[PDB]
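Residue numbers (the numbering used here), protein chains in the order written: chain F, 2 to 249; chain X, 2 to 249; chain U, 2 to 249; chain B, 2 to 249; chain W, 2 to 249; chain R, 2 to 249.
Positions of the beta carbon are idealized from the N, C-alpha and C atoms, including for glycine.
What follows is a single structure, written as structure tokens, with notes after it.
Protein chains: 6
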Amino acid sequence: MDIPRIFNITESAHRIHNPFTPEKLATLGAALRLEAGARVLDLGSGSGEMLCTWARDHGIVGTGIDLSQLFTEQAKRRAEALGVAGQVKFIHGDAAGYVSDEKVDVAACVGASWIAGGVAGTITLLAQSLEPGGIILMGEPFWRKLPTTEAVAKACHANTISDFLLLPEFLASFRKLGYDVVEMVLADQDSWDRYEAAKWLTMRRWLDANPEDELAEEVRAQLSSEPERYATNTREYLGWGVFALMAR
Amino acid sequence: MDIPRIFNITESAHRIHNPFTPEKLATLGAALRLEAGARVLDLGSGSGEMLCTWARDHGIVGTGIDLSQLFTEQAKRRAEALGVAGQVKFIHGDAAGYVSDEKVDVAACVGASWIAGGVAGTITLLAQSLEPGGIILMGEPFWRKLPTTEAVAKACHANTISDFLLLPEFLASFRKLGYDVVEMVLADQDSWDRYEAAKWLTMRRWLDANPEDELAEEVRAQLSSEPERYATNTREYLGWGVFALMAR
Amino acid sequence: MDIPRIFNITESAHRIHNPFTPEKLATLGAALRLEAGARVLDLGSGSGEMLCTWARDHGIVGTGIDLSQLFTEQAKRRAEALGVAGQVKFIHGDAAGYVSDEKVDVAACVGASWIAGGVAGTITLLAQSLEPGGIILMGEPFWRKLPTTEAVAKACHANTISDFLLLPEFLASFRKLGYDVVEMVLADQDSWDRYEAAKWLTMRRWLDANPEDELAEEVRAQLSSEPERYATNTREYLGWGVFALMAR
Amino acid sequence: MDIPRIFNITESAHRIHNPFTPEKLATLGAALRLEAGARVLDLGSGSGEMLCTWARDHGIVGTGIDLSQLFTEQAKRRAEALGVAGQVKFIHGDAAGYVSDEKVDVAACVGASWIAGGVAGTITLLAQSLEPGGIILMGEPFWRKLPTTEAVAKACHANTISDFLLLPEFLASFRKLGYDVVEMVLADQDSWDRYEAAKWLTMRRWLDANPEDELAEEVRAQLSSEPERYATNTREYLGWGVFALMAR
Amino acid sequence: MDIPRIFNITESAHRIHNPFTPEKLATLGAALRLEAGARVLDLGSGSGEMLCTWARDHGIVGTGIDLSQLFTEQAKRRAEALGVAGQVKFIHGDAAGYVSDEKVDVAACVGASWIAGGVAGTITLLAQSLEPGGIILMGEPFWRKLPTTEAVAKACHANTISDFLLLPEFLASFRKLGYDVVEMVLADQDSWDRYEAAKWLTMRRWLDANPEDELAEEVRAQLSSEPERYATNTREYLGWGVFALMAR
Amino acid sequence: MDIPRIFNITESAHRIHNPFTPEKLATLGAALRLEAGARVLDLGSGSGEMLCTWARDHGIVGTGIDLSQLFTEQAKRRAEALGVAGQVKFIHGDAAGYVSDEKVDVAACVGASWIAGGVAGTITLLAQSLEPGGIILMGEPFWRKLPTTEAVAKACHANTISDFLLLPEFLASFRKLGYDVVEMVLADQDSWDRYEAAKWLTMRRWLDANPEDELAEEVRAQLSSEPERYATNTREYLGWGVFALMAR
Ligand SMILES: Nc1ncnc2c1ncn2[C@@H]1O[C@H](CSCC[C@H](N)C(=O)O)[C@@H](O)[C@H]1O
Ligand SMILES: Nc1ncnc2c1ncn2[C@@H]1O[C@H](CSCC[C@H](N)C(=O)O)[C@@H](O)[C@H]1O
Ligand SMILES: Nc1ncnc2c1ncn2[C@@H]1O[C@H](CSCC[C@H](N)C(=O)O)[C@@H](O)[C@H]1O
Ligand SMILES: Nc1ncnc2c1ncn2[C@@H]1O[C@H](CSCC[C@H](N)C(=O)O)[C@@H](O)[C@H]1O
Ligand SMILES: Nc1ncnc2c1ncn2[C@@H]1O[C@H](CSCC[C@H](N)C(=O)O)[C@@H](O)[C@H]1O
Ligand SMILES: Nc1ncnc2c1ncn2[C@@H]1O[C@H](CSCC[C@H](N)C(=O)O)[C@@H](O)[C@H]1O
Ligand code: NA
Ligand code: NA
Ligand code: NA
Ligand code: NA
Ligand code: NA
Ligand code: NA
């Protein structure tokens, strides 16, 4: 099995499947003070950009599990291209209930927390793989500012305003779970632009090539509506970041 | 050991050590559809009013653990007075890490969640005592409305506004923990008045009797300031309720 | 025929199918100054709680018509349980166009006014059964405060904001129909909680028992979303009450 | 002498001539921790509901003075009906300057403070009857929220906004007089509804019976206008409560 | 009998006794798609401008009843002046309870609904004269925008804000009565100016001619105050229109 | 081919298929200073009211293309009725890509700009038919005021708020295209009422005649909801006008 086809089409040219730039991803690697040889587990690892670049830049080793066949293949090509295939392994499969045999120094789920039914569930899962004194990484949305209506929330892929919290309350929610927040690297509007806008070029080039595809009608509708939807709703209201956690 | 002396002085005449009336407490018992013989565990059971009245009215049995020696003694006198000592047992002691040998149908912590380091920790503790298909009860504050300043928060015994959530987000926080909210009974302003205002009469009568006590100066200052503090801050801004939870 | 199955599932454990507590229902009985022997007609009588309790407490007699087979059966069991079956009769059927042969002192429709196509139509219908000098009872929603968006209205089971009025304008609407408002008993937030929150426990227990039912998917979705929806929309914005009317 | 006829007509069926329910009145009795044998003086005692019910429920004894002949007669019938005539005495007369020979444990004026020219004057009067260590009870209005215009104030039976204070400032005003506030029981909107709405049924039934009375025109005008006036002005803006005071 | 003298003085030179221009009145005639021979009943027909002009322009026939002797005489002169006396009949008298013997295609009350005690009563009366498939016309005020204070309402000849509704809620009120709104023609500020400002010239010319009349003092006061009152209150806040209704 | 059936049903009795009165349409003709013999092309000409009335009043000649068979037939009957069939020709067909052989003095698209994929596309198309020094006419919506939510936009037949602009920005958009705005005639609320309200009478009369039509259910739902929807959304927020353009 796989993820739905439309995601593979829309994000086929993304290295990072989230609102983070390469510069943010490198900032995060350095913020974690990763040492050579550190072991990383990444559940929902996308196209392996985090593991591949940290292997290259910090000498880490690790494993990435992802449900997408396409993105798994990209991750493997990426590790070859960077010269780090010896350090990082990519597995195509479902990461639900995944627990590592050898403990890791960093256990991450960067924007895939439905794997264990939400943020708390995912933290509990990742904790099972974690070396005492290690770090858990959660990549998650929050309100950059509070939407004025529930409709802005539904245009940001939530059901209600209560699905997300403003940053102080979101940070508080990790504390209330039992964790210290020990680091964080947040998206800014420019990093959101990178994630969203790149989909538009990808979609248009796909559409030009696939005018009689069963999905061409749907894609054409998305391409038409997305820039304005994104600018009106997401760009102003939706925050995102990676939060580093250690259990008290 | 015990709780600090000032709490015993201020609340010596309270049956319910929270912003709930007798009528709210009975509403809660009926809302839970308690059957005769149902087993209840109550961590931080106060003066045993919940266990004693539900024993009388619904035929439940149970155990209440409380750190206060005074309130434990009151709970035992209450059970005798109601004719339910055969059904409900009160233990003087620290409820931290308390796990029941026999499972219970209802496992409760009504305004004492620091016992396991917060709401999530306490839910996890209570779950260890719970019969499959049972209910967890959490009695907790939330924002009735959002304070306009951090100072209102500090006047409501929080450190920051982020310590509490508005009701929709608070309900969402239980869902995000993995629980369905299956019932709730909330304080209203009248029930808050019962909890707070009763302290003033108690304090004044204590003060009249104990003019040379080491605490008389402190109590005199509290009595003077409390009604206005309460009316300005708590009465308008601070919500409270009991939430009934079942793990999904 | 019957009402849709989902209502029978959700409300199977409700005595009162509206945002009124037992205490509100008793307040209403006393507010009407009901005399022993007074005759009451109740169209859309639910589980007969109003007729049964007023029979017990005030010595009234009457008839309740309801389309639900389940709720009719409950009403009949309730009258037996209270010792008032001699005083109150429950009929399973459609109350549209129902006119009593003997006149009544109180003719009521408590939250079922679609029976005669709305509030005005229902008042006109009930008037046909009414003794000169009798009282008409209408149980109806109104805006507790004005929603800020049409979406809050649609989340409160209206189509538009104009479907309901703020209380002064709603009271004015009865006056403009030709009636004096002679009494009223309104829901508060606690009574709304009783009506809504009780559905959640009922639904969860049903779901646990009926995992392969054709409705399990729908019920699971409702249970997940309802507490937050209710707290965000209904609890703050939607009013409800019973209004007592006499024609000028 | 007597009170004006219109008040006797409008309130002839009220047990409590203020925005308090029976449940609030009983809450107040218990909040005061009244002991059997405690002596109560009630100036402007209405229909004696406070004295009669506290005699029945707490074993108090006392005296109620009221200017209304009707309400005095009702109070005497009430004490007989409850079996407490031996404990409570009702006197028809003017309570201005009334000082008790035997001291009392509770000296009350519940919504009649014009007797001594206002709140401060009335407190000073009641203090003359009070046992050292006793409680003074004042039943008084305040702003539940601040009216936006002087016209809302005049529709709430004040002359100006400055006639009343918001609750914190009102509580402060007792402190500034020299008293600790030691307890309080406040009206809510439901208790206001009980007080106001009951007048409408009373008025309509009176009007039906007295179509050619000199007051029928005035009463008809009041009945027409009151529900909307009440809902627009009083229900949202006007607070009321009973405050228990002890001199510092 | 007649209407009070001051109205006859103020409006003696008006053809249309409402905030409608001739152009609005003609728009309304065409909007109703009146056919030659259609029968119209007009209760409170003023100076007969609606009947006379529709007779001339659409070939309708009809009857107008008005309580003013003056305005009845004007209506009769108007029908002669337009050459339509054969088509339209004006009757001086009270239109309360008026029911036509022959049914009509259009039954109208344009700003005189106190005749049957309000909008609903008047609709019910007009319905008695109506051919199945005919139209009822109601000319009524509503809030163009919501006044900020009750005083603006009293300056617009209402008692309270709740006397009128904003247009969406007003339209909803007809729907809730059982009627489809099938057409409407609304006043604008210019049509209000025509109705109000014309009174000022009339009043001044009357005053110049009648300096010792018993009403000269009152008229002088009105003339002085009206333009500013009108501009401050009515022109911005008060809406008006004619609504065409058909029973569902 | 044709337009969908529902439009033909709803607008069968409209001469002007837009929020313009006859008086606005005549104002526009005079504003353009049309000379006898001037040639006009009208793409999406509706029922030909613009061409027919300008032929009659200004002596213009022209051609109207419309996709509706019904509205084309009406246009031809209209030209006969006005005595201008010699001057104006109506063609049933698709106006997309339509370019005139003889140049015209006025090239118009009045509320049909989807013909060339929007305002800019339509201007470019019309320009191909235009005599140097001629005028292009575009009939288009804009925001009369900015909706407070995207839902108001969707209730005004847009997808997002960004679909339309406030008038200054809308006028700027023509300037930014390369055109001077040389004249304009805008709808007001009364002209919107004419366009929308007339649909309600048409729909009701259709419904009365066609109770078993496949569309009766849909039409009944529209008739019920439209007046309130229109008053809440369109009447206050949606602007419309005809803008006269000359290329710089
Ligand atoms: N059950 C599952 N197990 C593993 N991966 C899953 C999954 N469900 C979804 N995914 C993957 O979760 C990812 C979410 S996008 C984030 C990917 C990556 N962390 C990055 O930032 O680039 C997708 O790559 C998708 O393929
Ligand atoms: N570590 C601990 N173990 C058990 N009880 C504790 C405790 N720390 C505080 N408490 C108790 O927690 C209670 C908080 S007040 C709430 C008490 C009770 N549930 C009621 O509603 O009336 C106090 O009674 C206090 O004695
Ligand atoms: N046409 C109809 N005739 C009679 N009852 C109807 C009906 N349509 C719906 N109902 C009933 O109307 C009720 C609405 S709920 C309110 C029920 C009751 N008055 C109470 O307050 O508890 C339901 O019990 C439903 O069964
Ligand atoms: N001068 C006076 N002396 C005694 N009673 C007076 C008075 N002037 C007014 N009253 C009484 O003051 C009362 C005010 S209403 C409040 C009555 C009562 N405390 C209750 O809550 O029900 C009326 O009963 C009226 O008769
Ligand atoms: N009881 C009654 N019966 C008939 N006409 C009445 C009436 N009471 C008032 N009127 C008339 O109602 C009218 C209100 S003014 C509106 C008049 C007319 N429809 C127009 O628009 O011009 C006045 O002409 C007044 O004379
Ligand atoms: N492709 C197309 N070619 C020509 N006319 C079209 C069209 N698509 C829609 N229309 C027409 O465009 C019109 C939009 S309504 C406006 C019509 C006219 N200008 C008036 O103001 O009255 C309708 O008459 C419809 O029939
Ligand atoms: Na940036
Ligand atoms: Na309350
Ligand atoms: Na309450
Ligand atoms: Na209440
Ligand atoms: Na105008
Ligand atoms: Na206008």
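Tell me residue i's beta-bridge partners as DSSP assigns them.
i, result
"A109(B)", "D43(B), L138(B)"
"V186(F)", "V243(F)"
"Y180(W)", "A248(W)"
Use the C-beta contact count for residue i: other C-beta atoms within 10 angstroms, 16 or more gives buried, fewer gives exposed.
i, result
"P148(W)", "buried"
"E170(U)", "buried"
"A82(W)", "exposed"
"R145(R)", "buried"
Are any of the Cβ atoms in chain R nearer than 9 Å to that of residue i?
i, result
"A152(F)", "yes"
"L138(W)", "no"
Any C-beta of chain B sitting closer than 9 Å to the C-beta of residue i?
i, result
"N160(W)", "yes"
For residue i, would you say it is in contact with chain W, using Cβ-to-Cβ distances shorter than 9 Å as the test?
i, result
"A156(B)", "yes"
Under 9 Å Cβ-Cβ, which residues of chain U neighbour residue i?
i, result
"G30(X)", "What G30(X) touches in chain U: nothing, since even the nearest Cβ is about 13 Å away."
Please tell me whether residue i has its Cβ less than 9 Å away from any Cβ of chain U.
i, result
"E132(R)", "no"
"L44(B)", "no"
"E50(B)", "no"
Note down, in chain order, every chain U residue with its Cβ under 7 Å from the Cβ of residue i.
i, result
"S163(F)", "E229, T233"
"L224(B)", "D181"
"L166(W)", "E170"
Do we get a CB-CB distance below 9 Å when we pair residue i with the residues of chain F?
i, result
"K177(X)", "yes"
"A128(X)", "no"
Give the interface partners of residue i over in chain X, defined as CB-CB distance under 7 Å, in chain order.
i, result
"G118(F)", "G179"
Would you give the residue range spanned by the beta strand (DSSP E) that residue i belongs to?
i, result
"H93(F)", "89-93"
"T64(W)", "62-67"
From which residue to which residue does the alpha helix (DSSP H) around residue i run?
i, result
"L239(X)", "Element bounds for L239(X): not the alpha helix (DSSP H) but the beta strand (DSSP E), 239-248."
"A159(W)", "Premise fails: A159(W) is in no alpha helix (DSSP H) and is neither H nor E."
Residues of chain R with a CB under 7 Å from the CB of residue i: which are they?
i, result
"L172(W)", "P228, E229, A232"
Who are the neighbours of residue i on chain X, taking C-beta pairs under 8 Å?
i, result
"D95(U)", "By Cβ distance, chain X contributes nothing, its closest Cβ being about 32 Å from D95(U), past 8 Å."
"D194(U)", "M185, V186, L187"
Would you say residue i lies against chain C (beta-carbon separation less than 9 Å)?
i, result
"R236(B)", "Of the protein chains in this structure, namely F, X, U, B, W and R, none is chain C."
Using a beta-carbon distance below 9 Å, is residue i in contact with chain X?
i, result
"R205(F)", "no"
"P169(B)", "yes"
Run through chain B and tell me which residues come within less than 8 Å of residue i, C-beta to C-beta.
i, result
"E184(U)", "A198, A199, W201, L202"
Closer than 8 Å by beta-carbon distance: list the chain W residues that pair up with residue i, in chain order.
i, result
"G122(U)", "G179"
Can you name the residues of chain X whose CB is closer than 9 Å to the CB of residue i?
i, result
"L239(F)", "Here the premise fails: no neighbours, minimum Cβ distance about 16 Å."
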